[PDB]
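# Notes for the structure review
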Amino acid sequence: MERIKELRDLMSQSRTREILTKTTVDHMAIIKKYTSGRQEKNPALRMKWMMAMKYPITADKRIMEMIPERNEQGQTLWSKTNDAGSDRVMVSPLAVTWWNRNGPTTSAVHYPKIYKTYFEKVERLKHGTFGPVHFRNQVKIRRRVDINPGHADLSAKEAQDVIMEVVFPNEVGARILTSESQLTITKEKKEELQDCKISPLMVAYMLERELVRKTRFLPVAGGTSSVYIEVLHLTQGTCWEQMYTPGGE
Amino acid sequence: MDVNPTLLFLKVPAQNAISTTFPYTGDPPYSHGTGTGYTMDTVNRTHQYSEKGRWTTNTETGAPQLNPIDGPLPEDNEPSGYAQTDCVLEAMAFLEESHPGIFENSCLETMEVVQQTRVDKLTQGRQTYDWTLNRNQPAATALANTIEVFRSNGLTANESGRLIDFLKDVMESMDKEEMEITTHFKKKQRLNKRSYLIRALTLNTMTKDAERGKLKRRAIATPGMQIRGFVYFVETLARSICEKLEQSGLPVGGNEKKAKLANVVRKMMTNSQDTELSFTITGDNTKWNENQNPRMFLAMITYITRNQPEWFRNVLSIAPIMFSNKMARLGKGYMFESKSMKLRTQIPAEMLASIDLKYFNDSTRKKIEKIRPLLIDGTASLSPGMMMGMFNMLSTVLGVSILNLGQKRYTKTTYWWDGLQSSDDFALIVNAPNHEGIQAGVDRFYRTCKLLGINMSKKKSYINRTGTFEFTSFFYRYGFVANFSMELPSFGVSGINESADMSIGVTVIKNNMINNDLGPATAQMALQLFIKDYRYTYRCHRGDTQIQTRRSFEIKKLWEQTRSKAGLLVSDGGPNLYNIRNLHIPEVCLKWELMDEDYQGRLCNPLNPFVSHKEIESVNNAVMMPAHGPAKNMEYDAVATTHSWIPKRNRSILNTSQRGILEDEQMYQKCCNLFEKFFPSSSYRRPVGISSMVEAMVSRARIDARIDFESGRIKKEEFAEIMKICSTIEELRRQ
Amino acid sequence: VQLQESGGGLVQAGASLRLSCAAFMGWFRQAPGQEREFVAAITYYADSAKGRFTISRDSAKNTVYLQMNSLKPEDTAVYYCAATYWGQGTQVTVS
Amino acid sequence: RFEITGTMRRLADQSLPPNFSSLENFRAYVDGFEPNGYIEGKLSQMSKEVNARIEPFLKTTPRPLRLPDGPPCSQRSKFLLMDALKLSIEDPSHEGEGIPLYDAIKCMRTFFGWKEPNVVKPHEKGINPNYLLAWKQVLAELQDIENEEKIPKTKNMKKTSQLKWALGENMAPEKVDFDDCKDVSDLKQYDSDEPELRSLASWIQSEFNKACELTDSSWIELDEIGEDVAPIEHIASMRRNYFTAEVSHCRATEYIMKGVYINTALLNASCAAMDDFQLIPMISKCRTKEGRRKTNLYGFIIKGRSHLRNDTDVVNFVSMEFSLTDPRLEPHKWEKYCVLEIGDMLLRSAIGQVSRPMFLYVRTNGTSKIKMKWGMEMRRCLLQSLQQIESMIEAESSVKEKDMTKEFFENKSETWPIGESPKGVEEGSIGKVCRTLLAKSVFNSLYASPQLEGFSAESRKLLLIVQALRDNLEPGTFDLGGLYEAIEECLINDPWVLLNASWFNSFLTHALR
RNA sequence: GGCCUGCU
RNA sequence: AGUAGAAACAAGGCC
């Protein structure tokens with residue numbers, strides 16, 4: 001109901017009507033990236049400079065109807081002045097902390113299921129067992145190794161269709177996945193995330209990260225396993241070796 | 001006793017303590033005003049290194065151009081751009097012979113990419129010179145403006161959605177009698193053929209800031225949008241070629257560079273017997289970009305693309321053809337001050353052609369006098385050579401050809417050489433039975449380099465025995481030695497957001513521990529200092545302290561409200577649980593089991609009004625410009641929390657005549673959000689097609705209302721309401 | 001965790017002694033005819049030594065100290081330091 | 001079909017070698033081209049003066065770097081480093097804990113002996129009476145705060161003509177259009193020439209010497225980290241504790257904290273109170289040997305209008321700092337300072353009691369957003385230094401299969417050359433090397449400039465060449481005079497870079513033997 | 001005097 | 001004046 005209604009409201013005004021009519025689907029990306037905002041050259045300097053202002057961050061308009069304009073002593077939490085090239089309003093950082101102490105609460109039980117990679121890292125490290133540190137010269141030789149320890153033996157494009165069919169089943173188009181490994185992955189990640197309401201985009205991004213294999217060139221000495229490379233900073237050094245066995249093994 | 005750190009080198013070798021010689025703890029030099037002086041100096045220097053060439057006047061642009069190719073051979077060691085066509089063609093032929101099938105294959109993959117590439121690939125670029133407004137703007141904005149102007153003028157082949165078609169339209173625009181542009185102060189202005197040619201062939205010049213390692217400032221250039229597609233295709237070909245060359249090091253990272261350097265030094269020295277001596281030259285090329293003539297790149301590519309479809313050759317040749325006629329905008333201008341009357345003034349650079357020379361000092365006066373003959377419509381012709389490393393990969397190809405030309409099969413002498421080339425820098429390992437052989441080999445290498453328009457900087461170069469050398473701030477001494485002073489500037493808060501900054505800092509510490517041999521105790525100290533600076537920057541202190549800030553009240557009440565205070569994030573005033581073992585874990589997941597369910601739910605709430613995600617590309621990618629290197633992007637692990645807000649924008653557009661761009665931004669974003677709600681996959685996979693917005697949106701409204709009734713909330717009343725509302729918007733689009 | 005005790009020796013009855021252990025910490029003692037006896041830990045002290053003896057620590061020096069005062073012949077034991085790991089113990093002989 | 005035609009074809013006909021007429025002909029020639037020994041012919045024909053002859057590099061080859069000559073070098077720091085004085089209260093508050101103005105007033109009330117201020121050493125270019133009146137105004141308004149109910153967290157000062165001149169207000173020339181100002185003869189470019197030449201002075205050497213000396217306080221209170229769980233983490237923590245014990249009692253750490261706090265406060269005030277002049281007391285909190293926490297008040301900073309748009313835009317402030325060092329002994333070091341006499345101090349000494357004078361160094365200084373940001377990240381000097389020391393320790397421990405930190409820091413048997421005395425080269429323990437490197441990094445962050453970067457690069461090149469010579473690797477150069485000229489052009493007027501050049505000359509003299 | 005902006 | 005260094009800041013524009 002609503003969606004077509006703001007569609008009609010947009011088409012009511014002449015300029016947006018022209019934009020909707022003359023613009024083709026292919027140009028979607030271009031106009032979406034059409035912005036006057038330059039990409040910052042020195043982000044640290046301005047982040048240290050903007051945070052000294054009042055209302056340094058930006059938030060959706062809806063914040064004006066969930067968080068009061070001021071806190072107990074009267075420190076303002078949000079302003080009604082919109083951003084430069086968006087309908088979002090500039091708000092103070094307190095509106096963040098406020099949201100974490102009296103804002104609406106939900107059931108975050110499914111975030112562990114979504115962010116599978118990070119929670120698997122945590123579980124692997126929690127059950128790890130350290131050993132003695134041995135001091136001897138390490139011959140670090142540079143090798144190509146896979147960093148992602150949960151890659152399902154799929155490439156970027158190869159798993160992209162799987163991700164769409166898992167999250168966006170209707171926009172798949174011609175592709176119907178042939179490999180049965182992809183079939184089982186689709187089934188599992190479909191039944192697992194059937195009602196998760198985090199965001200389609202973040203779900204797709206994390207599925208891409210988990211399933212897609214990624215490789216990088218690093219100086220290693222021993223190890224060479226996927227689980228042993230994520231902790232390469234902790235097990236191998238310039239003149240010391242720290243024996244380690246992740247919780248998985 | 002007087003303390004002197006440098007004397008420490010009397011016991012510790014120079015490379016083992018080279019980090020002490022990198023003052024990367026202070027503010028790097030910045031330029032303050034116009035870069036016009038540097039632009040003029042660079043143009044004059046590029047034109048006078050090729051003075052002995054031949055002059056001509058282009059019949060289309062009417063600008064004077066200098067061709068030094070096949071000019072007189074140099075008779076001195078000064079820089080020279082007199083490259084010889086036959087010599088470079090022979091070098092490329094030998095490169096092909098030593099690597100058969102390189103050019104044909106690379107051309108095949110490049111042909112595939114060119115004929116399947118899309119227009120949107122041009123949006124994935126940093127600032128570009130929009131000619132519609134004569135100023136630098138984001139790549140997407142400039143592309144959109146140029147497409148709009150083309151469509152208004154009648155060039156609508158780009159509607160096919162293909163980059164090749166966009167380039168076809170671009171070339172067709174060159175043969176138009178009169179184009180029309182828009183200006184706000186809206187006014188429609190008409191550009192004749194020559195003016196549009198110069199506007200499409202021109203470059204915008206700026207001054208490079210945050211450049212560490214030299215006393216003087218330099219100038220850099222940014223091209224337009226008409227020529228970036230050809231550049232993209234040419235660089236794709238050059239990258240595909242260099243990926244097949246082990247002597248190149250430009251298309252790889254740092255660790256790969258070190259590995260290849262070690263391999264080449266071991267190969268050269270190990271194969272050398274006791275009788276052969278080995279010497280390493282740590283060479284830098286003086287005026288690398290100013291001495292590389294685009295015509296020679298045209299020759300190299302047309303030799304590479306031999307026995308290929310003529311359309312491929314034409315599309316790959318268009319780029320150097322435009323660079324050979326490239327023009328450069330002088331710059332921002334010049335600012336004058338009058339102390340007697342106590343005032344200041346800012347004259348644009350376009351007045352340099354006619355403005356009197358009484359206001360300029362002797363140096364600038366002479367520079368303007370020398371560059372005036374080349375001024376055409378406020379921009380100077382820069383045919384002789386490249387401006388700033390636009391063809392990095394082709395230059396690397398030429399250098400690799402030079403390196404391979406001494407494989408002992410072409411030297412025809414006992415001496416021989418090899419090494420690694422990365423544009424403007426090289427390491428050359430030369431072996432010969434005696435010092436005379438080494439001298440002859442280096443002399444012939446230098447002479448051959450001078451025949452290709454490449455000069456070796458004698459002041460910044462030195463030769464020693466193999467085993468010790470330098471390459472791009474990587475010091476090799478019987479094995480590469482860590483520096484850690486190049487990455488020091490990256491140890492602070494990045495400046496993206498709270499969660500992003502935390503993750504980026506911990507990940508940078510981890511990486512520099514893995515690669516740059518950062519010590520454990522040093523890493524712990526870095527973690528402590530980073531946490532201190534992070535808390536002091538975001539006003540998020542431990543919470544149990546009495547440090548009054550603008551955010552210390554809400555943080556303190558959250559602290560007193562929470563029961564398990566060990567689960568609070570550092571952003572919310574909680575303890576830091578990070579350590580050397582936890583540097584690869586996001587903060588949210590490390591504290592997940594310690595958080596109270598109420599605070600956990602409030603933090604990671606999808607309905608939060610702070611989190612905003614635009615595209616799959618910008619989810620967890622942060623662009624950090626590294627010190628002493630080109631802009632780079634990093635993947636940082638982070639969980640989407642309420643702290644993932646995006647900061648405020650500039651907001652200074654409101655005082656400029658270009659104020660309508662914000663309204664267009666808002667309307668485009670509203671339409672894009674509506675489309676995304678209609679097409680959820682709009683962000684992850686960019687939609688493709690040739691239909692218009694409202695058609696897809698209305699038709700999908702039809703179908704989705706239908707099916708969501710066939711099972712879902714909709715009802716006949718609502719379904720029919722949607723159907724007739726779709727009809728209403730249909731008849732509205734009719735009129 | 002390696003531990004070294006210092007500060008033991010021969011002392012007079014009613015005298016004072018400062019044990020130190022270079023490394024949670026405990027001090028325990030063993031007399032020649034017996035097993036381990038709890039002394040102090042860090043604070044808590046056993047009945048036989050309370051008010052006479054004080055346990056303290058410097059977390060910047062990585063040291064735990066046992067300040068013994070008004071010593072009795074019944075304090076004669078090897079005093080061992082321990083970390084939650086054992087030291088080798090330092091002999092204290094009161095007479 | 002990608003056809004070149006029309007204007008774009010003619011451009012292709014004008015982008016060929018000199019003796020070609022059309023792209024068709026050039027492509028035909030390229031396709032018909034085959035290698036027939038053309039590089040050899042031109043190599044033979046090319047003049048033999050085009051060579052890369054190698055000049056041997058011997059012990060007698062390198063000459064000392066020449067230093068510029070001129071008036072002595074002046075002080076450039078944003079605060080006093082060697083001549084600072086501290087007024088204290090012995091409070092239990094932590095670094096960030098507390099309110100600035102009340103702490104400053106309480107510290108200043110701890111001192112008795114105030115006298116009516118008078119000029120001792122003039123600025124020599126400004127109006128010293130303005131500085132005097134500004135000091136008295138600061139005192140008066142400090143009392144005004146003391147009287148009222150609760151000390152404000154941040155105070156704004158009145159915009160009197162005194163600080164209007166001292167802060168450079170309404171002095172930027174008004175921006176106009178060129179078409180309205182063309183007949184003005186004085187109208188010309190901004191002064192763009194090489195900076196004034198200045199010769200090195202001996203004060204920077206002593207300042208660095210005393211910047212590496214120990215102190216009676218701990219100037220670093222580090223944050224918390226996750227409890228160590230792995231043995232390697234325990235080793236790292238022990239190493240870190242050793243270095244903290246070595247460097248905390250160091251003037252370099254005190255300078256780090258001073259700069260960080262001052263720049264943070266200045267940046268925050270500039271971003272918040274853009275229009276109105278603001279008072280900020282220089283505060284630094286330390287911990288005594290006895291363990292009692294203490295606050296220290298060096299002086300005050302008055303920040304002016306700070307409407308900073310570009311990263312290079314300058315915010316001007318005026319800094320006042322107490323001291324006991326008489327400026328009548330090294331006047332050339334205080335060219336830009338105005339120094340008054342404000343009181344007398346009595347420090348307990350065996351010679352009765354000194355009753356020394358107590359002066360106020362007052363000056364007008366300026367910074368920028370980039371400078372403030374980089375000065376508020378001075379804590380990475382600790383990193384740089386201690387990473388270097390830990391690299392030394394690890395490299396040595398790779399030889400003997402055992403961690404070597406404890407014996408390095410306690411036995412102090414091994415020593416490194418860390419300075420030269422008239423008797424000869426002096427070596428110090430690893431802790432002294434730590435402090436020396438920390439001081440070097442701190443001074444790099446304080447006296448940063450393009451000269452420093454250029455000299456560092458062009459002298460690292462020569463250092464590598466000299467190291468190759470000392471390693472018996474038959475080093476050679478193509479143009480050493482060019483490298484020397486490249487190094488010598490970076491030495492203009494910066495005290496730090498000139499001191500580095502003098503150090504490099506001394507290292508060359510001691511090396512090459 | 002009143003209001004707008006701080007990488008456009 | 002001061003910062004800074006091959007050109008700039010020492011507020012800008014709009015009424």
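Quick notes on the rules
Residues numbered from 1 in each chain as written, not as in the entry; some residues may be left out. Chains lettered and ligands numbered in written order. Heavy atoms only, no water. UniProt positions renumbered as here; feature names shortened; annotations may be inferred. Helix = DSSP H or I, 4+ residues; strand = E, 2+ residues; numbered from the N terminus. Buried < 20%, exposed > 50% of the residue type's maximum accessible area, 1.4 Å probe, protein only. Contact = heavy atoms within 4.5 Å. Areas by Shrake-Rupley, 256 points an atom, 1.4 Å probe, with all protein chains shown as cover. Axes fitted to C-alpha atoms, helices over the stretch in contact; angles between N-to-C directions. Parallel < 35°, antiparallel > 145°, perpendicular 65-115°, else oblique. Nonpolar A, V, L, I, M, F, W, Y, C, P; charged D, E, K, R; others polar. Near = heavy atom within 4 Å. Polar contact = N/O pair within 3.5 Å; in protein donor to acceptor, adjacent residues only side chain to side chain. Buried area = accessible area lost by both parts, 1.4 Å probe. Salt bridge = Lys/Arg side-chain N within 4 Å of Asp/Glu carboxyl O. Pairing = 2+ DSSP bridges. Disulfide = S-S within 2.5 Å. Patch = residues over 30% accessible without salt bridge, like charges linked within 9 Å, V, L, I, M, F, W, Y side chains within 5 Å. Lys, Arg positive; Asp, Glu negative; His and termini not counted. Charge placed at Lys NZ, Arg CZ, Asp CG, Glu CD. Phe/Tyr/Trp six-rings, centres within 6.5 Å; stacked < 30°, edge-to-face > 60°.

- By the method listed in its record, cryo-EM, this PDB entry was determined to a resolution of 5.96 Å.

- Naming follows the PDB entry, where chain D appears as Polymerase acidic protein of Influenza A virus.
- If you open the UniProt record of chain D and go to Subunit, you find "Influenza RNA polymerase is composed of three subunits: PB1, PB2 and PA. Interacts (via C-terminus) with PB1 (via N-terminus)."
- Quoted straight from UniProt, the Sequence similarities entry for chain D says "Belongs to the influenza viruses PA family."

- Under the PDB entry, the name given to chain A is Polymerase basic protein 2,Immunoglobulin G-binding protein A, and the source organism is Influenza A virus.

### Considering the overall build of chain A
- Within chain A, the regular secondary structure consists of twelve helices and seven strands.
- Across its three principal axes, chain A shows a C-alpha extent of roughly 70 × 55 × 40 Å.
- Sorting the 249 residues of chain A into buried and exposed places 53% on the buried side.
- Restricting the contact set of chain A to residue pairs at least 6 apart, pairs at least 24 apart contribute 69%.
- Approximately 11100 Å² of chain A is accessible, and the part contributed by carbon and sulfur atoms is 51%.

### Here we look at the packing of helix α20 (residues 693-710) of chain B against helix α21 (residues 716-734) of chain B
All names here are of chain B.
- Packing of α20 against α21 brings their axes to within 9 Å, and their N-to-C directions diverge by 170°. Here α21 runs roughly antiparallel to α20, going by the angle between their axes. Together, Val694, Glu695, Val698, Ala701, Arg702, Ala705, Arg706 and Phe709 of α20 and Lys716, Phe719, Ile722, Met723, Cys726, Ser727, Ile729, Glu730 and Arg733 of α21 make up the contact between the two elements.
- By residue class, the composition of the contact of α20 with α21 is ten nonpolar, one polar and six charged.

### Notes on the protein's contact with RNA strand F
- Lining the immediate environment of RNA strand F, one finds 37 residues, of which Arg344 of chain B together with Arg76, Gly168, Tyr190 and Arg363 of chain D sit closest.
- Backbone atoms, meaning sugar and phosphate, form 63% of the atoms of RNA strand F found within 4 Å of the protein.
- Contact distances for RNA strand F include 3.0 Å between a phosphate oxygen and a side-chain N or O atom of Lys336 of chain D.
- Taken together, the elements giving at least two residues each to the surface near RNA strand F come down to β10 (314-323) and β12 (356-368) of chain D.
- By residue number, the principal contributor to the surface near RNA strand F is β12 of chain D, which donates four residues.

### Quick word on the side chain of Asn42 of chain A
- Here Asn42 of chain A lies in the loop between α3 (28-33) and α4 (43-50).
- A relative accessible area of 15% means that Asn42 of chain A is categorised as buried.
- Among the polar contacts listed, one links the side chain of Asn42 of chain A to the side chain of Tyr30 of chain B, at a separation of 3.4 Å.
- Beyond its immediate sequence surroundings of up to four residues, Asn42 of chain A is in contact with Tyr30 of chain B together with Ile370 of chain D.

### Focus: the interface of chain B and chain D
- Chain B puts 166 residues into the contact, and the matching count from chain D is 157 residues.
- Carbon and sulfur atoms make up 61% of the area that chain B and chain D hide from each other, which totals about 15200 Å².
- Across the chain B-chain D interface, the total number found is 14 salt bridges.
- Across the pair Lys460 of chain B and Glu458 of chain D runs a salt bridge whose closest N-O atoms are separated by 2.4 Å.
- Viewed at the interface, chain D and chain B are joined by 76 residue pairs in polar contact.
- No other element matches the twelve residues that helix α15 (residues 520-538) of chain B contributes to the side of chain B that touches chain D.

### Re the sheet that holds strand β2 (residues 9-11) of chain C
Residue and element names in this part refer to chain C.
- With respect to topology, six strands assemble into an open sheet ordered β2-β10-β9-β4-β5-β6, the strand pairing being mixed. Bordering the open sheet on either side are β2 and β6 (44-45), each of which pairs with just one other strand.
- Sheet topology places β2 next to strand β10 (residues 90-94); three bridges connect them, and they run parallel. Note that in β10 the partner of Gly9 across the bridge is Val92.

### Structural notes on the state of the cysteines
Residues and elements named next belong to chain C.
- Taken as a whole and judged by the stated rule, the model has one disulfide over all chains.
- Note that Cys21 is cross-linked by a disulfide to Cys81, the S-S spacing being 2.0 Å. The disulfide joining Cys21 to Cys81 has a torsion of about -75° about its S-S bond and is therefore left-handed. In this structure, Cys21 and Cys81 share a single accessibility class: buried.

### Notes on a negative patch on the surface
- Taken together, the side chains of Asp191, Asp193, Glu194, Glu485 and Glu489 of chain D present a region of like negative charge at the surface.
- Inspection of the secondary structure puts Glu485 of chain D in helix α15 (residues 480-488).

### Examining the packing of aromatic side chains
- Inspection of every chain in the model, using the stated rule, returns 60 aromatic pairs over all chains.
- Centroid distance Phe22 of chain B to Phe475 of chain B: 6.0 Å. Interplanar angle 75°. Geometry classified as edge-to-face.
- In this structure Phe475 of chain B comes out as buried when scored by relative accessible area, which is 1%.
- For the pair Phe455 of chain D and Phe504 of chain D, a centre-to-centre distance of 6.5 Å together with 80° between the ring planes defines the contact as edge-to-face. Taken as a pair, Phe455 of chain D in helix α14 (residues 450-470) and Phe504 of chain D in helix α16 (residues 495-510) lie far apart in primary sequence, 49 residues in all. Residues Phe455 of chain D and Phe504 of chain D agree in their burial class; the two are buried.
- Linked through ring pairs, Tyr111, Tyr115, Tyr118 and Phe119 of chain A together with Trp592 of chain B together constitute an aromatic cluster.

### Looking at the protein's contact with RNA strand E
- Near RNA strand E there are 17 residues, and of these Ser36, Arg38 and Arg46 of chain A, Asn650 of chain B together with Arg309 of chain D occur at the shortest range.
- Of all RNA strand E atoms lying within 4 Å of any protein atom, the proportion belonging to sugar or phosphate reaches 59%.
- Within the side chain of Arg46 of chain A, a nitrogen or oxygen atom sits 2.3 Å from a sugar or linking oxygen of RNA strand E.
- In terms of residue class, the surface near RNA strand E is made up of three nonpolar, six polar and eight charged.

### Description of the pairing of strand β9 (residues 77-83) of chain C
Residues and elements named next belong to chain C.
- A large share of β9 lies buried, amounting to seven of its seven residues.
- The alternating pattern of β9 places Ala77, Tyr79, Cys81 and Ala83 on one face and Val78, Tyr80 and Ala82 on the opposite face, and all of these are buried.
- For strand β4 (residues 25-30) and β9, the ladder comprises six bridges, and the chain directions are antiparallel. The partner of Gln30 across the bridge, within β9, is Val78.
- Taken together, the three bridges between β9 and β10 define a ladder with antiparallel strand orientation. Counterpart to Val78 in the pairing with β10 is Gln91.

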